[PDB]
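**Student:** Next up, upload.txt (compact mmCIF, C-alpha atoms and all ligand atoms).
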```txt
# COMPACT_ATOMS: atom_id res chain seq x y z
CA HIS A 4 -150.33 123.90 -160.74
CA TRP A 5 -149.61 124.35 -157.05
CA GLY A 6 -147.53 121.44 -155.81
CA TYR A 7 -144.59 120.47 -153.63
CA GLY A 8 -141.64 121.51 -155.77
CA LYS A 9 -139.35 124.47 -155.10
CA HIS A 10 -141.33 126.63 -157.52
CA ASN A 11 -144.89 125.64 -156.63
CA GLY A 12 -144.53 124.26 -153.12
CA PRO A 13 -145.87 125.24 -149.65
CA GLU A 14 -143.81 128.45 -149.52
CA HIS A 15 -145.63 129.74 -152.63
CA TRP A 16 -149.21 128.83 -151.73
CA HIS A 17 -150.03 132.03 -149.83
CA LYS A 18 -149.82 134.08 -153.03
CA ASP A 19 -152.92 132.47 -154.53
CA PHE A 20 -154.42 131.23 -151.26
CA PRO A 21 -153.82 133.99 -148.65
CA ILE A 22 -155.51 131.92 -145.95
CA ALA A 23 -152.24 129.94 -145.95
CA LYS A 24 -151.10 132.40 -143.26
CA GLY A 25 -154.40 132.12 -141.38
CA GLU A 26 -155.19 131.62 -137.70
CA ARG A 27 -156.23 127.97 -137.97
CA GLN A 28 -153.89 126.31 -140.47
CA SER A 29 -152.86 122.65 -140.60
CA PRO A 30 -150.87 120.56 -140.07
CA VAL A 31 -149.34 121.40 -136.70
CA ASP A 32 -146.79 119.91 -134.37
CA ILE A 33 -148.47 118.05 -131.53
CA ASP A 34 -146.57 118.84 -128.34
CA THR A 35 -147.64 115.85 -126.24
CA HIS A 36 -146.75 117.53 -122.96
CA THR A 37 -148.85 120.61 -123.72
CA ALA A 38 -151.84 118.62 -125.01
CA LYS A 39 -154.46 118.26 -122.29
CA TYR A 40 -156.84 115.39 -121.59
CA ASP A 41 -160.40 116.55 -122.20
CA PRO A 42 -163.17 114.84 -120.17
CA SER A 43 -165.83 116.59 -122.28
CA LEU A 44 -164.88 114.47 -125.29
CA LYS A 45 -167.47 111.78 -126.02
CA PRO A 46 -166.44 108.29 -127.16
CA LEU A 47 -165.17 108.31 -130.76
CA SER A 48 -167.26 106.24 -133.16
CA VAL A 49 -165.78 105.00 -136.43
CA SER A 50 -168.52 103.14 -138.31
CA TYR A 51 -167.08 101.94 -141.62
CA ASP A 52 -168.86 98.57 -141.89
CA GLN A 53 -171.08 99.64 -144.80
CA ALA A 54 -168.40 101.64 -146.61
CA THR A 55 -168.73 101.63 -150.40
CA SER A 56 -165.50 102.47 -152.20
CA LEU A 57 -165.88 103.44 -155.85
CA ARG A 58 -162.65 104.52 -157.49
CA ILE A 59 -158.99 105.35 -156.95
CA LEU A 60 -157.52 108.42 -158.64
CA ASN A 61 -154.08 109.96 -159.13
CA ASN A 62 -154.87 113.67 -158.89
CA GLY A 63 -151.32 114.87 -159.50
CA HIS A 64 -150.68 115.48 -155.79
CA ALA A 65 -151.45 112.10 -154.23
CA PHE A 66 -153.82 109.22 -154.91
CA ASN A 67 -157.36 109.23 -153.59
CA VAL A 68 -159.82 106.45 -152.88
CA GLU A 69 -163.35 107.80 -153.27
CA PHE A 70 -166.49 106.47 -151.59
CA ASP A 71 -170.21 106.71 -152.28
CA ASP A 72 -171.40 109.35 -149.82
CA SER A 73 -174.91 109.69 -151.26
CA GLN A 74 -176.15 107.79 -148.20
CA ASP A 75 -175.29 107.40 -144.53
CA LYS A 76 -172.82 104.51 -144.77
CA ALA A 77 -169.23 105.03 -143.59
CA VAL A 78 -169.51 107.66 -140.86
CA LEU A 79 -167.50 109.22 -138.06
CA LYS A 80 -169.23 110.46 -134.90
CA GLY A 81 -168.52 111.20 -131.25
CA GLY A 82 -165.29 112.51 -129.82
CA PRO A 83 -165.18 116.29 -130.41
CA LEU A 84 -167.77 115.96 -133.15
CA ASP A 85 -171.35 117.17 -133.01
CA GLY A 86 -173.51 115.26 -135.44
CA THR A 87 -172.61 112.81 -138.18
CA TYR A 88 -169.72 113.08 -140.64
CA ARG A 89 -169.75 111.02 -143.83
CA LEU A 90 -166.59 109.50 -145.32
CA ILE A 91 -166.02 110.81 -148.85
CA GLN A 92 -162.42 109.82 -149.58
CA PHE A 93 -159.03 108.98 -148.14
CA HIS A 94 -155.50 109.65 -149.32
CA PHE A 95 -151.94 109.71 -148.01
CA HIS A 96 -148.98 112.06 -147.74
CA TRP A 97 -145.53 110.48 -147.79
CA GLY A 98 -141.84 111.19 -148.12
CA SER A 99 -138.94 110.34 -150.39
CA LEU A 100 -137.22 108.84 -147.34
CA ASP A 101 -138.56 106.98 -144.28
CA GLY A 102 -137.53 109.84 -141.99
CA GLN A 103 -140.13 112.23 -143.38
CA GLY A 104 -143.53 112.29 -145.01
CA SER A 105 -146.14 112.99 -142.35
CA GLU A 106 -147.82 116.38 -142.13
CA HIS A 107 -148.58 116.43 -138.43
CA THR A 108 -145.60 115.77 -136.19
CA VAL A 109 -145.47 114.52 -132.61
CA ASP A 110 -142.92 116.34 -130.45
CA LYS A 111 -141.37 117.31 -133.80
CA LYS A 112 -141.09 113.67 -134.88
CA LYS A 113 -141.90 113.07 -138.54
CA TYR A 114 -143.42 109.74 -139.55
CA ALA A 115 -142.89 108.05 -142.92
CA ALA A 116 -146.40 108.91 -144.08
CA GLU A 117 -149.84 110.00 -142.95
CA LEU A 118 -153.28 108.71 -143.91
CA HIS A 119 -156.20 111.14 -144.11
CA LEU A 120 -159.80 109.91 -144.07
CA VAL A 121 -161.92 112.91 -145.08
CA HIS A 122 -165.50 113.30 -143.83
CA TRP A 123 -168.12 116.02 -144.22
CA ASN A 124 -170.81 117.17 -141.77
CA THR A 125 -174.16 115.83 -143.02
CA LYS A 127 -176.01 118.85 -141.62
CA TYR A 128 -174.65 120.81 -144.60
CA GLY A 129 -176.02 118.55 -147.34
CA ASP A 130 -172.89 118.13 -149.45
CA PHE A 131 -169.12 118.48 -149.38
CA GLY A 132 -169.09 121.84 -151.15
CA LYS A 133 -171.46 123.46 -148.70
CA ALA A 134 -169.59 121.82 -145.84
CA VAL A 135 -166.32 123.54 -146.82
CA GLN A 136 -168.05 126.87 -146.28
CA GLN A 137 -168.57 126.09 -142.60
CA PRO A 138 -166.20 126.26 -139.62
CA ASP A 139 -167.27 122.74 -138.60
CA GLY A 140 -167.89 121.38 -142.06
CA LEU A 141 -165.23 118.68 -142.15
CA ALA A 142 -163.59 116.09 -139.93
CA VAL A 143 -160.36 114.43 -141.00
CA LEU A 144 -159.12 111.33 -139.24
CA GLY A 145 -155.34 111.28 -139.47
CA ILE A 146 -153.27 108.16 -138.96
CA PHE A 147 -149.47 108.00 -138.94
CA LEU A 148 -147.56 105.36 -140.87
CA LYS A 149 -144.19 103.99 -139.79
CA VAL A 150 -142.04 101.49 -141.64
CA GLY A 151 -141.90 97.99 -140.19
CA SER A 152 -144.29 95.08 -140.67
CA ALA A 153 -146.57 95.18 -143.72
CA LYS A 154 -150.18 96.33 -143.32
CA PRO A 155 -152.29 93.58 -144.93
CA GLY A 156 -155.28 95.87 -145.35
CA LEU A 157 -153.21 98.28 -147.43
CA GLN A 158 -151.97 95.79 -150.03
CA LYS A 159 -155.07 96.07 -152.24
CA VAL A 160 -154.32 99.79 -152.56
CA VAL A 161 -150.62 99.17 -153.20
CA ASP A 162 -151.24 96.69 -156.02
CA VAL A 163 -153.57 98.97 -157.98
CA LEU A 164 -151.13 101.90 -158.02
CA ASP A 165 -149.46 100.62 -161.19
CA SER A 166 -152.71 101.34 -163.04
CA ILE A 167 -152.84 104.98 -161.90
CA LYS A 168 -149.17 105.89 -162.23
CA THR A 169 -149.78 109.34 -163.71
CA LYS A 170 -151.90 112.42 -163.03
CA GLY A 171 -155.46 112.08 -164.30
CA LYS A 172 -155.52 108.28 -164.25
CA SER A 173 -158.31 106.54 -162.35
CA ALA A 174 -159.39 102.93 -161.86
CA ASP A 175 -162.39 101.08 -160.47
CA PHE A 176 -161.76 100.38 -156.80
CA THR A 177 -164.85 98.79 -155.31
CA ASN A 178 -165.29 96.72 -152.17
CA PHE A 179 -162.27 98.16 -150.36
CA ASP A 180 -162.78 98.20 -146.60
CA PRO A 181 -161.03 101.18 -144.94
CA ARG A 182 -161.25 99.47 -141.55
CA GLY A 183 -158.15 97.53 -142.55
CA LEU A 184 -156.10 100.73 -142.37
CA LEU A 185 -156.78 101.51 -138.71
CA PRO A 186 -154.49 100.75 -135.76
CA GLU A 187 -155.84 98.92 -132.71
CA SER A 188 -156.22 101.97 -130.48
CA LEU A 189 -158.48 104.96 -131.10
CA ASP A 190 -156.62 107.20 -128.62
CA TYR A 191 -156.32 110.59 -130.32
CA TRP A 192 -155.49 114.28 -130.26
CA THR A 193 -157.90 116.83 -131.66
CA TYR A 194 -157.80 120.49 -132.63
CA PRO A 195 -159.51 122.91 -135.08
CA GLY A 196 -157.63 123.29 -138.34
CA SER A 197 -157.70 123.45 -142.12
CA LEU A 198 -157.24 121.53 -145.33
CA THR A 199 -153.51 120.92 -145.72
CA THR A 200 -153.53 121.61 -149.46
CA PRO A 201 -154.96 124.54 -151.40
CA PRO A 202 -157.58 125.94 -150.98
CA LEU A 203 -156.43 125.52 -147.34
CA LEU A 204 -159.96 126.22 -146.07
CA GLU A 205 -160.31 126.39 -142.29
CA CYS A 206 -163.25 124.02 -141.91
CA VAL A 207 -161.64 120.98 -140.33
CA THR A 208 -161.90 119.32 -136.95
CA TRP A 209 -158.75 117.24 -136.88
CA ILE A 210 -158.65 113.91 -135.09
CA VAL A 211 -155.14 112.46 -135.16
CA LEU A 212 -154.67 108.96 -133.76
CA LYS A 213 -151.79 108.44 -131.36
CA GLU A 214 -150.99 104.89 -132.45
CA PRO A 215 -149.35 104.68 -135.88
CA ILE A 216 -149.96 101.77 -138.22
CA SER A 217 -147.00 99.86 -139.58
CA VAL A 218 -146.47 99.42 -143.31
CA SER A 219 -143.63 97.58 -145.02
CA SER A 220 -140.75 99.27 -146.79
CA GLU A 221 -141.96 97.58 -149.98
CA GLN A 222 -145.42 99.09 -149.59
CA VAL A 223 -144.20 102.66 -149.15
CA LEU A 224 -141.65 102.17 -151.94
CA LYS A 225 -144.56 101.59 -154.31
CA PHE A 226 -146.18 104.85 -153.13
CA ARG A 227 -142.93 106.50 -154.25
CA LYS A 228 -143.19 105.07 -157.77
CA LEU A 229 -146.23 107.20 -158.55
CA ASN A 230 -145.90 110.30 -160.72
CA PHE A 231 -146.88 113.93 -160.14
CA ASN A 232 -146.80 114.35 -163.92
CA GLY A 233 -149.40 113.19 -166.40
CA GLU A 234 -148.94 110.45 -168.99
CA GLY A 235 -146.60 111.47 -171.80
CA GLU A 236 -144.69 113.95 -169.65
CA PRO A 237 -141.24 113.99 -168.00
CA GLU A 238 -141.31 111.81 -164.89
CA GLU A 239 -141.29 113.54 -161.53
CA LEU A 240 -141.71 111.02 -158.73
CA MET A 241 -144.64 111.59 -156.39
CA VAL A 242 -142.77 111.94 -153.10
CA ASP A 243 -142.70 114.50 -150.29
CA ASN A 244 -146.26 115.63 -150.94
CA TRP A 245 -146.59 116.92 -147.40
CA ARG A 246 -147.06 120.38 -145.99
CA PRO A 247 -144.84 121.25 -142.98
CA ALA A 248 -146.19 122.18 -139.52
CA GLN A 249 -147.85 125.60 -139.29
CA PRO A 250 -148.14 128.05 -136.34
CA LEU A 251 -150.48 126.77 -133.61
CA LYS A 252 -151.70 130.34 -132.98
CA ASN A 253 -152.99 129.80 -129.41
CA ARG A 254 -155.22 126.89 -130.39
CA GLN A 255 -155.25 124.09 -127.85
CA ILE A 256 -154.72 120.45 -128.72
CA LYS A 257 -156.87 118.10 -126.66
CA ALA A 258 -156.16 114.47 -125.82
CA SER A 259 -158.86 111.79 -125.58
CA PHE A 260 -156.70 109.93 -123.07
CA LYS A 261 -154.80 110.10 -119.77
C1 LIG A 301 -166.31 122.22 -154.94
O1 LIG A 301 -167.12 121.57 -153.97
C2 LIG A 301 -167.35 120.20 -154.01
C3 LIG A 301 -166.25 119.36 -154.30
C4 LIG A 301 -166.35 117.93 -154.37
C5 LIG A 301 -167.63 117.35 -154.13
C6 LIG A 301 -168.74 118.17 -153.84
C7 LIG A 301 -168.60 119.58 -153.78
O2 LIG A 301 -169.70 120.43 -153.48
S1 LIG A 301 -170.87 120.68 -154.54
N1 LIG A 301 -170.24 120.91 -155.97
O3 LIG A 301 -171.47 121.89 -154.09
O4 LIG A 301 -171.61 119.46 -154.54
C8 LIG A 301 -167.85 115.84 -154.18
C9 LIG A 301 -166.61 115.00 -154.61
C10 LIG A 301 -165.29 115.60 -154.10
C11 LIG A 301 -165.12 117.06 -154.68
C12 LIG A 301 -163.80 117.73 -154.18
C13 LIG A 301 -162.55 116.86 -154.49
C14 LIG A 301 -162.68 115.46 -153.90
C15 LIG A 301 -162.59 115.56 -152.35
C16 LIG A 301 -161.69 114.40 -154.45
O5 LIG A 301 -160.38 114.51 -153.81
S2 LIG A 301 -159.14 115.04 -154.65
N2 LIG A 301 -159.23 114.34 -156.06
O6 LIG A 301 -157.98 114.61 -153.94
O7 LIG A 301 -159.35 116.46 -154.77
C17 LIG A 301 -162.34 113.07 -154.08
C18 LIG A 301 -163.86 113.33 -154.06
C19 LIG A 301 -164.00 114.82 -154.46
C1 LIG A 302 -163.33 123.53 -152.27
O1 LIG A 302 -163.42 122.29 -152.94
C2 LIG A 302 -162.28 121.68 -153.42
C3 LIG A 302 -161.41 121.11 -152.47
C4 LIG A 302 -160.19 120.45 -152.80
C5 LIG A 302 -159.85 120.37 -154.19
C6 LIG A 302 -160.70 120.93 -155.17
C7 LIG A 302 -161.91 121.59 -154.79
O2 LIG A 302 -162.79 122.18 -155.76
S1 LIG A 302 -162.41 123.58 -156.46
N1 LIG A 302 -163.74 124.41 -156.64
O3 LIG A 302 -161.92 123.20 -157.74
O4 LIG A 302 -161.57 124.26 -155.53
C8 LIG A 302 -158.56 119.68 -154.66
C9 LIG A 302 -157.61 119.21 -153.53
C10 LIG A 302 -158.37 118.71 -152.28
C11 LIG A 302 -159.28 119.86 -151.71
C12 LIG A 302 -160.09 119.40 -150.45
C13 LIG A 302 -159.17 118.82 -149.33
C14 LIG A 302 -158.26 117.70 -149.84
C15 LIG A 302 -159.12 116.43 -150.04
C16 LIG A 302 -156.99 117.41 -149.01
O5 LIG A 302 -157.31 116.68 -147.79
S2 LIG A 302 -156.57 117.08 -146.44
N2 LIG A 302 -155.03 116.87 -146.70
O6 LIG A 302 -157.07 116.14 -145.49
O7 LIG A 302 -156.86 118.47 -146.23
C17 LIG A 302 -156.11 116.58 -149.93
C18 LIG A 302 -156.45 117.10 -151.34
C19 LIG A 302 -157.49 118.22 -151.10
CL CL A 303 -138.72 118.47 -158.14
ZN ZN A 304 -154.31 115.09 -146.58
```
Could you spell out this file's structure in structure tokens?
**Tutor:**
Amino acid sequence: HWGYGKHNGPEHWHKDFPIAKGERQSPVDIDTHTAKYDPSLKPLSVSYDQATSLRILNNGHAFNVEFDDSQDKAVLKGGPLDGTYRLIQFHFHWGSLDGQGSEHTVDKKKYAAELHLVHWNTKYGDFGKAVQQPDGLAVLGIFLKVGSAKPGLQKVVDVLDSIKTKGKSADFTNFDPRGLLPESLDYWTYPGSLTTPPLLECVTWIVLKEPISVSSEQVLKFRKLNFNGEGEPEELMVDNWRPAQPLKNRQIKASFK
């Protein structure tokens, strides 16, 4: 029942998830001038060619596209990562207005939305064991701004009508996540946490500098989703983002310049 309302939102989370006030919480504001280029970073490798999407689900907080991670298919490697991280699902965070919606911010700038591609470290066997490790997860974050439509996102947009309410799912096979990436893989990276309860601090965040553009019509359809379940009073699924948290002396590294 945690959520993003005044009575169950981010300001209430710490009561049931004390780690909310931890030393490595996400998201964070990325101060571009303080971020330092890191020559030790290896080339980032996004290998999504064999990705196998399975289903899309409205979980009452956002919608999630799940993938078959039983085998080494869609993986993320390189960059700040040691080993291989398998893609398990992706989801978005968005606002009720174009001027807000992203979780991470850049020089305090809020984007209209933010895409999160969640991966787990294969050395830990499964996602559950991975979230018990300081380097168990890697989330690739991509900012969304409103402008031209993103063709590779339309398939997702058109299926949202079938998963309007919490608990609803639908078959979503053969979706290629590569169509959601921008041209450049320039990124910022830092150690953080899940941005929703349980807020576990097991994530290596990789946030791309170049945002992707989506049309106003596409994001408007994100905003037609419901936080509520079928047969309940409608509460539009908007502003499902957690604000920036204290950096706490962590350092944000840049893969460029
Ligand atoms: C409790 O620990 C786990 C959670 C999840 C998985 C494996 C887990 O480890 S376990 N039980 O030891 O195998 C495998 C599937 C995962 C799910 C957690 C919730 C996920 C990430 C879903 O995202 S959601 N619906 O937004 O919460 C999509 C796939 C789900
Ligand atoms: C510990 O395993 C879980 C993780 C998550 C959920 C349920 C889980 O199982 S359990 N035992 O019921 O707590 C439900 C919400 C999920 C979260 C894992 C991180 C997710 C996928 C978040 O991803 S993010 N924003 O990149 O951190 C969005 C929803 C989050
Ligand atoms: Cl509300
Ligand atoms: Zn997220």
**Student:** List all protein, DNA and RNA residues that have any atom at most 9 Å from ligand LIG 302 (chain A), counting all atoms listed in the file, and write the list as a PDB file with C-alpha atoms, in the coordinates of the input.
**Tutor:**
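That gives us result.pdb:
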```
ATOM      1  CA  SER A  29    -152.860 122.650-140.600  1.00  0.00           C
ATOM      2  CA  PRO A  30    -150.870 120.560-140.070  1.00  0.00           C
ATOM      3  CA  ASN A  62    -154.870 113.670-158.890  1.00  0.00           C
ATOM      4  CA  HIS A  64    -150.680 115.480-155.790  1.00  0.00           C
ATOM      5  CA  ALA A  65    -151.450 112.100-154.230  1.00  0.00           C
ATOM      6  CA  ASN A  67    -157.360 109.230-153.590  1.00  0.00           C
ATOM      7  CA  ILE A  91    -166.020 110.810-148.850  1.00  0.00           C
ATOM      8  CA  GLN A  92    -162.420 109.820-149.580  1.00  0.00           C
ATOM      9  CA  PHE A  93    -159.030 108.980-148.140  1.00  0.00           C
ATOM     10  CA  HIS A  94    -155.500 109.650-149.320  1.00  0.00           C
ATOM     11  CA  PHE A  95    -151.940 109.710-148.010  1.00  0.00           C
ATOM     12  CA  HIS A  96    -148.980 112.060-147.740  1.00  0.00           C
ATOM     13  CA  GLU A 106    -147.820 116.380-142.130  1.00  0.00           C
ATOM     14  CA  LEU A 118    -153.280 108.710-143.910  1.00  0.00           C
ATOM     15  CA  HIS A 119    -156.200 111.140-144.110  1.00  0.00           C
ATOM     16  CA  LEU A 120    -159.800 109.910-144.070  1.00  0.00           C
ATOM     17  CA  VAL A 121    -161.920 112.910-145.080  1.00  0.00           C
ATOM     18  CA  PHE A 131    -169.120 118.480-149.380  1.00  0.00           C
ATOM     19  CA  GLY A 132    -169.090 121.840-151.150  1.00  0.00           C
ATOM     20  CA  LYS A 133    -171.460 123.460-148.700  1.00  0.00           C
ATOM     21  CA  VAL A 135    -166.320 123.540-146.820  1.00  0.00           C
ATOM     22  CA  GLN A 136    -168.050 126.870-146.280  1.00  0.00           C
ATOM     23  CA  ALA A 142    -163.590 116.090-139.930  1.00  0.00           C
ATOM     24  CA  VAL A 143    -160.360 114.430-141.000  1.00  0.00           C
ATOM     25  CA  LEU A 144    -159.120 111.330-139.240  1.00  0.00           C
ATOM     26  CA  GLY A 145    -155.340 111.280-139.470  1.00  0.00           C
ATOM     27  CA  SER A 197    -157.700 123.450-142.120  1.00  0.00           C
ATOM     28  CA  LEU A 198    -157.240 121.530-145.330  1.00  0.00           C
ATOM     29  CA  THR A 199    -153.510 120.920-145.720  1.00  0.00           C
ATOM     30  CA  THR A 200    -153.530 121.610-149.460  1.00  0.00           C
ATOM     31  CA  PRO A 201    -154.960 124.540-151.400  1.00  0.00           C
ATOM     32  CA  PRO A 202    -157.580 125.940-150.980  1.00  0.00           C
ATOM     33  CA  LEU A 203    -156.430 125.520-147.340  1.00  0.00           C
ATOM     34  CA  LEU A 204    -159.960 126.220-146.070  1.00  0.00           C
ATOM     35  CA  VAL A 207    -161.640 120.980-140.330  1.00  0.00           C
ATOM     36  CA  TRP A 209    -158.750 117.240-136.880  1.00  0.00           C
ATOM     37  CA  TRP A 245    -146.590 116.920-147.400  1.00  0.00           C
ATOM     38  CA  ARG A 246    -147.060 120.380-145.990  1.00  0.00           C
TER      39      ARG A 246
END
```
**Student:** Compile the contact shell of residue 27 in chain A as a PyMOL selection string: residues with an atom at most 9 Å away, counting all atoms listed in the file, same-chain residues fewer than 2 positions apart removed.
**Tutor:** chain A and resi 22+24-25+29+195-197+205-206+249-252+254
**Student:** Neighbouring residues of residue 101 in chain A were defined as those with any atom within 8 Å, considering all atoms listed in the file; residues of the same chain fewer than 4 positions away were excluded. Please report them as an mmCIF file with C-alpha atoms, in the coordinates of the input.
**Tutor:**
```cif
data_model
loop_
_atom_site.group_PDB
_atom_site.id
_atom_site.type_symbol
_atom_site.label_atom_id
_atom_site.label_comp_id
_atom_site.auth_asym_id
_atom_site.auth_seq_id
_atom_site.Cartn_x
_atom_site.Cartn_y
_atom_site.Cartn_z
ATOM 1 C CA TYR A 114 -143.420 109.740 -139.550
ATOM 2 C CA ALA A 115 -142.890 108.050 -142.920
ATOM 3 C CA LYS A 149 -144.190 103.990 -139.790
ATOM 4 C CA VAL A 150 -142.040 101.490 -141.640
#
```
**Student:** Separation of CA of residue 208 in chain A and CA of residue 140 in chain A, in Å?
**Tutor:** 8.1 Å
**Student:** Residues contacting ligand CL 303 (chain A) - anything with an atom at most 12 Å away, using only C-alpha atoms and all ligand atoms - can you give me those as a compact mmCIF listing (two decimals) with C-alpha atoms, in the coordinates of the input?
**Tutor:**
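So selection-v3.txt came out as:
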```txt
# COMPACT_ATOMS: atom_id res chain seq x y z
CA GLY A 6 -147.53 121.44 -155.81
CA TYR A 7 -144.59 120.47 -153.63
CA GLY A 8 -141.64 121.51 -155.77
CA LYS A 9 -139.35 124.47 -155.10
CA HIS A 10 -141.33 126.63 -157.52
CA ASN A 11 -144.89 125.64 -156.63
CA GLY A 12 -144.53 124.26 -153.12
CA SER A 99 -138.94 110.34 -150.39
CA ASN A 230 -145.90 110.30 -160.72
CA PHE A 231 -146.88 113.93 -160.14
CA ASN A 232 -146.80 114.35 -163.92
CA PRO A 237 -141.24 113.99 -168.00
CA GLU A 238 -141.31 111.81 -164.89
CA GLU A 239 -141.29 113.54 -161.53
CA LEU A 240 -141.71 111.02 -158.73
CA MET A 241 -144.64 111.59 -156.39
CA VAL A 242 -142.77 111.94 -153.10
CA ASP A 243 -142.70 114.50 -150.29
CA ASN A 244 -146.26 115.63 -150.94
```
**Student:** What does the structure give for the distance between CA of residue 181 in chain A and CA of residue 112 in chain A, in Å to one decimal?
**Tutor:**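 The value is 25.6 Å.
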**Student:** At a cut-off of 10 Å, using all atoms listed in the file, what residues contact range 221-224 of chain A? Leave out same-chain residues fewer than 6 positions from it and give the result as a list in words.
**Tutor:**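 Residues near the query, excluding close chain neighbours: residues 97, 98, 99, 100, 101, 115, 116, 148, 149, 150, 151, 152, 153, 154, 155, 157, 158, 160, 161, 162 and 242 of chain A.
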**Student:** For atom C6 of ligand LIG 301 (chain A) and CA of residue 138 in chain A, quote the distance in Å rounded to one decimal.
**Tutor:**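 Calculated distance between atom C6 of ligand LIG 301 (chain A) and CA of residue 138 in chain A is 16.6 Å.
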**Student:** Please write as a PDB file with C-alpha atoms, keeping the file's coordinate frame the list of polymer residues whose atoms come within 8 Å of (-170.0, 112.8, -138.3), counting all atoms listed in the file and keeping to the coordinates of the file.
**Tutor:**
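Result saved to result-v8.pdb:
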```
ATOM      1  CA  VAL A  78    -169.510 107.660-140.860  1.00  0.00           C
ATOM      2  CA  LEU A  79    -167.500 109.220-138.060  1.00  0.00           C
ATOM      3  CA  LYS A  80    -169.230 110.460-134.900  1.00  0.00           C
ATOM      4  CA  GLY A  81    -168.520 111.200-131.250  1.00  0.00           C
ATOM      5  CA  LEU A  84    -167.770 115.960-133.150  1.00  0.00           C
ATOM      6  CA  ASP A  85    -171.350 117.170-133.010  1.00  0.00           C
ATOM      7  CA  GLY A  86    -173.510 115.260-135.440  1.00  0.00           C
ATOM      8  CA  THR A  87    -172.610 112.810-138.180  1.00  0.00           C
ATOM      9  CA  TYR A  88    -169.720 113.080-140.640  1.00  0.00           C
ATOM     10  CA  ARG A  89    -169.750 111.020-143.830  1.00  0.00           C
ATOM     11  CA  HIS A 122    -165.500 113.300-143.830  1.00  0.00           C
ATOM     12  CA  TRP A 123    -168.120 116.020-144.220  1.00  0.00           C
ATOM     13  CA  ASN A 124    -170.810 117.170-141.770  1.00  0.00           C
ATOM     14  CA  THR A 125    -174.160 115.830-143.020  1.00  0.00           C
ATOM     15  CA  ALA A 142    -163.590 116.090-139.930  1.00  0.00           C
TER      16      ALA A 142
END
```
**Student:** Counting all atoms listed in the file, find the residues whose atoms lie at most 12 Å from (-147.2, 114.5, -123.8) (file coordinates) and write them out as a list in words.
**Tutor:** residues 32, 33, 34, 35, 36, 37, 38, 39, 40, 109, 110, 111, 191, 192, 213, 256, 257, 258, 260 and 261 of chain A
**Student:** Ranking A:60, A:164, A:184, A:141 by minimum distance to residue 228 in chain A and counting all atoms listed in the file, which one comes first?
**Tutor:**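 Of A:60, A:164, A:184, A:141, the one nearest residue 228 in chain A is A:164, counting all atoms listed in the file.
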